[PDB]
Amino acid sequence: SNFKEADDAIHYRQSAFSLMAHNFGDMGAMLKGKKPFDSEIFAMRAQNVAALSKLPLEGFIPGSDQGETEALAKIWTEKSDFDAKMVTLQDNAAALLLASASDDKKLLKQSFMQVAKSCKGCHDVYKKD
């Protein structure tokens, strides 16, 4: 068992998502002009998102749908699809990290959008309203 209690796995996955969101949202703000675009900071943010996208899945242990969590129970009865959506987030995030090595803003925006689709798509199905 990777966690002592269900409440440690919830906090772990919640912390992971939160930190990913902080780094993802900064890339969104730079791409929308809410804050100046910076190639080096954007690349750091993309690296952080790629790495942090590999953390939360470990936290979705059996029985951790009870408690102070927004995870829906259907996650575990459809864990194969949930797992697939998490792998595709990782893949998309690795692609955004690659796009940050290029100077093509089309590419950055496109791979960013694909990653944003992954956050959104999973929340729509597997996160409480």
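Residue positions are given as counts along the sequence shown, with the first one as 1.
- Set 52-60 against 26-34 and average the Cα temperature factors; 26-34 ends up higher.
- Among all modelled residues in this chain, the alpha-carbon of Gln114 has a temperature factor (C-alpha) in the middle third.
- When all modelled residues of the chain are sorted by CA temperature factor, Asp83 is found within the lowest third.
- In this PDB entry, the Cα temperature factor of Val125 sits in the bottom third of its chain's modelled residues, the lowest group.
- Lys106 sits in the highest third of its chain by CA B factor, as recorded in the PDB entry.
- Annotation for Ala93: CA B-factor lies in the lowest third of the chain's modelled residues.
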